[PDB]
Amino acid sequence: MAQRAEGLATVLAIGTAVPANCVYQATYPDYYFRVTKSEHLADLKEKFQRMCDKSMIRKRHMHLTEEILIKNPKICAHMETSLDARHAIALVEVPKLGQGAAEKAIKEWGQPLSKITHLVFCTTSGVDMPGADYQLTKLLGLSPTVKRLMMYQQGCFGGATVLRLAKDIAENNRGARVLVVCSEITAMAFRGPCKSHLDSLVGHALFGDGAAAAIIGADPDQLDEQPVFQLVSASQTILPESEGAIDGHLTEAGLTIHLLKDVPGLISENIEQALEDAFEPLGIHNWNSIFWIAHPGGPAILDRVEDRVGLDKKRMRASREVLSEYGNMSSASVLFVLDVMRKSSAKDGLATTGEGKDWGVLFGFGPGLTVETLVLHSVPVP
C-alpha cells in the first residue's frame, strides 16, 4: 500500500530522433526503381508513382542509403536470402537511434540516469538476444538493476502498448520512473518491387525510420518534473472479421508485409465502438471535444476515421503533420504525434498540451487487426 504510487502515470518528457539521410517523396518513385534496377517494370513504377502522389508524405528519414544498397544487392531483390545482412544493420542501428531519442527525453526531464528504474524497449525491426533493451542500458549507462521489458516484433500498436505497460509499472511502484523507447529501421523490410506483392509496394510508399522515447512516472515532483500528459486508461481489441488484414513475417528475406480485406474500412467501422467503450465511463460523447493522437498508418486510415467518426479537419492535424514529415514509423509514430501536439499547442498559445482540450484519445492499429485505445488528459500551459 505504501510501496505503490498514489496518482496517475504521467508523461514527463518526450524525445525523438531520425536518421540524418532524408528521402523526398516527390523523387522517390525514380530513386526506388533506379536503385533496385527495376526501371523495366514501367507499369509497376506508374502504380508506385500514384501511391506516392496519394501518400500525403513529403519526406521520410531512412538509415538505408544507395551506398549501403550497392554493398547489399540481395536487399534490392524482392525476396532473396538477406536476413543476416539486414540484422547486421538493424541490430546496431535500432538501439543507437533509440539512444538518440532517449538522450533528448532524459535532457528534457533533467533528472539523473540513476532515477530511471525501468526500461521498455519496443521495435518491429529485427530481434536478438540479449535485446535492444540490454544494448540501450549499456549505451546510456543505466543502472545494471534497471527492470527491462523487451517488446520485439510488435508492429504499429507498440507505441500504445509501451504506454499501457509503463502506466501499470509507474502506478504500482512508488518512485518508479520508466524510460520507454520505440525505434524502427526499415532496412529489415526494404526490398525491390514485384507485381505479385502490391501491398509491399504500399509499404515502400509509406514506411520510414525513427525513434521516440518518453519518461513516465506517477506522483511527479512539483518543482523538478513537468507533466505533459496523463495516462488515464488503456484498452485493446481485435476487430471482427479482420483475420489476416495485416500480417508481418520475419523470413530468410527479412520482414515482409501482407494486406488482405480493407484495413481503412475495418478500422473506421469499429473506431466509434472503441471511443464509446473508453469515454462512456467519463460521460464524454462528442468526439470533437477531445484531442486526437491517431497512429498515422497512412492517409486512407486517417481520412476514413475522420469521415466515419465526423471529425473536424483540425482533430487529425498533428497525426497528418507526422505522416507528412516522417511517414509511418510503425511503433514510434504515436510518440512523435504526442510531441507535435504539445509543441504546436504551446506555440499556438493554447491553454493545454492537448490543443486546449482536457481529454484526449490515442489509437494504435496493427496486426490482428488490433486497435489499442488510450484515454489521455492534457496539462495546463502557462
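Numbers for residues come from their place in the sequence shown, where the first is 1.
- Between 255 to 263 and 194 to 202, it is 255 to 263 that carries the larger average Cα temperature factor according to the deposited entry.
- On average the C-alpha atoms of 281 to 289 have higher B-factors than those of the other stretch, with 281 to 289 and 170 to 178 being the two compared.
- Within the group 241, 209, 133, 93, the record's highest C-alpha temperature factor is found at 241.
- Remark: residue 300 belongs to the highest third of its chain, ranked by C-alpha B-factor as recorded.
- Among the modelled residues of its chain, residue 21 has a C-alpha B-factor that falls in the highest third according to the deposited record.
- In the deposited entry, the Cα temperature factor of residue 353 sits in the middle third of values across the chain's modelled residues.
- Residue-level temperature factors show residue 42 in the highest third of its chain, judged at the C-alpha atom.
- In the deposited entry, the Cα temperature factor of residue 222 sits in the top third of values across the chain's modelled residues.
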